[PDB]
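Just so it is clear: chains get the letters A, B, ... in the order the sequence lines come, proteins before strands, and each one is counted from 1. Order of appearance sets the numbers: ligands from 1, and atoms from 1 within every ligand.
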Amino acid sequence: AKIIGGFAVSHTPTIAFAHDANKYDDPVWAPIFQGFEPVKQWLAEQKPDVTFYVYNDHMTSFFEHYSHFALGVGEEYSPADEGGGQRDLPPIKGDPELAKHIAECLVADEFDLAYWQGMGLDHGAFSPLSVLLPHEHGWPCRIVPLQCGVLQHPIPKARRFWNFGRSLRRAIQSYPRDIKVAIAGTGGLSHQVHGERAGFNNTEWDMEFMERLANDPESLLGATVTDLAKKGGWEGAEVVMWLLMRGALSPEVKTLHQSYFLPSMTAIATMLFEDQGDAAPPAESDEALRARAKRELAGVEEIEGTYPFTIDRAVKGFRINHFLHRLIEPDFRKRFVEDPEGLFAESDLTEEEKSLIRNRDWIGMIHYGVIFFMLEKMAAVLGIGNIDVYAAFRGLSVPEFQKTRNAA
Amino acid sequence: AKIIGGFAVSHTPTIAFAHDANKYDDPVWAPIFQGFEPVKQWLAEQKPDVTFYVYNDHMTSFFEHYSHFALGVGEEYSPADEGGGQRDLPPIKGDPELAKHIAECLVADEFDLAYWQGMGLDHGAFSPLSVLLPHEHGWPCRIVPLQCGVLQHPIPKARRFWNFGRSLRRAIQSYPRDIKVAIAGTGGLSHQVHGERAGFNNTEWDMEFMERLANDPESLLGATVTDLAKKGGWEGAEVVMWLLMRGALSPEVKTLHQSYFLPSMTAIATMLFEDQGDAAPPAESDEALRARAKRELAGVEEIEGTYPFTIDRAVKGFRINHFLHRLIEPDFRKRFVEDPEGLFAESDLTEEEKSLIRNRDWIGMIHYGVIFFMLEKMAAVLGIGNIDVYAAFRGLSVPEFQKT
Ligand SMILES: [Fe+2]
Ligand SMILES: [Fe+2]
């Protein structure tokens, strides 16, 4: 429940390319990689349990359904295929429990979220993270990703991004585990990569931006998209994400390192911030925020025969729910009826999950964490009426369940 | 710009099933269909240009990525395959212009949204719509759907739904067009379809909820998920969506119609509310609100060589953006390099669109409304560095661009 500090770093694909091509000795890339060393050092020394990582997906995992604030709630993330195959990096573990605590706090504070699992993290995450963290076999921390829809307008305004972070701060601090959390803000700085203005940069705005974010972040909160894009290029306006990170840190920070390099299209910058704790108690206590985040579902456990589909349940039932969700595909459902065992053997289901499906154990699937709507697809595909499912749930014969209704 | 009223209606697929099986005749379903008739006639008489349509998707088009308020901004919607095939109904048209306006207003009011195009509308929409509107050849009005993520907790608080409705009212009103708009809030009422408690209903609560929604909806705004699920069953809690609709209407309404039937699992209920307009002038004027919405991007037209990816542009570029997105798939990208023309014929791209890709017309694509991250993909697969792309954009030879 302690926030140790935060880091800002650009997230261009070129960082990853330069890492992969081993350009550490390079005349142009050597002082660039050196610019990352203090963050890397800071991260090794401090050993955060979780990094809350703020980035944008570059129209890879987020396109046809494109959200403002997408919290990754899942067990792990692998690098996304972005058009050139999957980068050879190990998957990074998520934190479903922290993520769920964060969702509850943020909803209580009236932020509107999306939740996602199973999708690849693109270079927005894996490019800087590959350079900041050793990953020979695993990664040294867990991750809670927050994908920000900064590309399709309208997007939330600067102050909203800021207010998200303020809320996020209290969210993390009220988490009832004694763990250490770092907050990361990625993308930026000045750049524009489309249209006739492509190739635009503004070092002077970049330096100013870095100073203000560091020491007077409130003075940025009135900037508009038009302002940020005028100053920092079109895609450069993604610095709003840094504001969300800055917003989750103590109102004053110590700037343990900053660096800036502009070798190509994008201003490669980094900033390392040490959290100071709170100069004063927060407006609401950790204990009262916890009880408030819990308020919506307080006393839900007294409702018998009910299994609220909360995040933990979505994560637990993800594999099986994802599998049954594919019944909406004609080929997949044809195979489900005709050759189910071949479909199981290709799948990532546990033997226990396969077993629940094979036995048509309706209540058992409810208990395990299958959401009803996925079971209902399974029933329809198998020609089994919903009434049979309800009777199963109730431990009754079909007619005796039907008796509880009003009309045949 | 004019809100004529709203309806509230259950959205069980059993309604569609009864309609598709011809049960206007049947002892059970005949009274139930007569219950929809006042809403049907009202919609047919009042002729809304657009229905703002509030529903939830039932783990079909929304699952791995599940959002709270998902605004459908696309050109058209067709029935989704929910696992039993695609129901035979014609596509219904969206309204990208009104959707765009609504998004700008709600974002200015600090609601965080999702935008979606092209995915199927499940029975949460097509079930009641197919009973309330003629649809033999096409639908009588356009639709702006709002998919609400009510199934995966935590979900927005009841007051948040209501507050969304409040800002939505102002967004639709201030919309600078002389059109008629009806608001639909759907789902409910009491039901529970999972667990050992499956089959729960509470008619007393349903009737109380309905009366309190019509005449004193602010009395409901402190109801927790536990409260709503206790009184109305776990899935019955989706009635927060009726609140959102109701928040979008006049503080005072005229309840023209209420019906209620409980043949099976769900309380099949309908309400028809006539908007009574604005008693006093609004807190913020229609002209101001339009300017508060446009603010974030006010002045962007000055920035030359720049083509902001706004909702209008995402709609325009959707087929070609969606096409080049598919390059993330290993099979699709192989075919693209090996057999582009065969892939073009089997696509739904316009000739204008294939020609842009075929000629690698980088700047043309940006003008057209292809987002850069899709051209990035294209270039990568074709084996052309971003630099040639950026040079083309800048109308420079690669070497001359390199200088700067
Ligand atoms: Fe980015
Ligand atoms: Fe529903």
Side-chain angles (χ1 to χ4, degrees), chain A residues 8-16 53-62 82 121-128 145-152 155 184-194 228 232-242 244 265-269 309 371-373 376, chain B residues 8-16 53-62 82 121-128 145-152 155 184-194 232-242 265-269 309 371-373 376:
Chain A
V9 63
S10 294
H11 64 207
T12 349
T14 57
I15 290 142
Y53 190 93
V54 175
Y55 78 111
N56 76 290
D57 174 83
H58 297 82
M59 298 286 167
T60 292
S61 301
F62 293 82
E82 305 180 44
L121 278 181
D122 78 341
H123 72 263
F126 286 113
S127 187
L146 174 68
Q147 200 279 144
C148 296
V150 295
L151 305 180
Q152 178 171 189
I155 79 167
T186 79
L189 297 173
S190 94
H191 69 290
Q192 179 151 337
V193 278
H194 86 272
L228 300 183
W234 183 250
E235 292 77 358
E238 64 173 347
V239 294
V240 289
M241 285 186 293
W242 291 34
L244 186 169
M265 291 290 287
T266 300
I268 308 167
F309 198 64
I371 183 168
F372 171 72
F373 307 93
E376 183 177 57
Chain B
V9 67
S10 294
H11 70 211
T12 359
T14 67
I15 286 141
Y53 193 88
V54 184
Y55 78 114
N56 77 294
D57 172 88
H58 296 82
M59 301 286 161
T60 299
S61 311
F62 293 84
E82 306 188 31
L121 268 178
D122 92 322
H123 72 269
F126 285 116
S127 193
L146 177 75
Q147 206 275 141
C148 298
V150 300
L151 297 180
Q152 189 178 354
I155 74 168
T186 73
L189 293 177
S190 57
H191 62 289
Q192 169 144 350
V193 286
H194 88 266
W234 184 256
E235 288 81 23
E238 70 180 340
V239 297
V240 290
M241 289 194 285
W242 285 37
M265 301 299 281
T266 297
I268 309 181
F309 203 68
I371 189 170
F372 169 73
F373 310 102
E376 184 140 57

Compare every heavy atom of [Y] with every heavy atom of [X], then report the nearest pair and how far apart it is.
X       : Y       : answer
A16(B)  : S127(B) : N-OG, 3.1 Å
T12(B)  : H123(B) : C-CD2, 4.1 Å
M241(A) : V150(A) : CG-CG1, 4.1 Å

Metal-centred angle, the Fe ion (ligand 2) as apex - NE2 of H58(B), OE1 of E238(B), 10° resolution: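 NE2 of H58(B), the Fe ion (ligand 2) and OE1 of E238(B) span an angle of about 160°.
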
Could you go step by step and tell me if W242(B) and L189(B) meet the side chain to side chain contact (heavy atoms under 4.5 Å, CB included) rule? CA-CA 10 Å; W242(B) 285 37; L189(B) 293 177; 3.5 Å; yes

Looking only at N, O or S atoms, find the one in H11(B) nearest to the Fe ion (ligand 2) and name it. NE2

At less than 2.8 Å, would any N/O/S atom of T186(B), backbone or side chain, sit next to the Fe ion (ligand 2)? no

Would you say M241(A) reaches the Fe ion (ligand 1) with an N/O/S atom under 2.8 Å? no

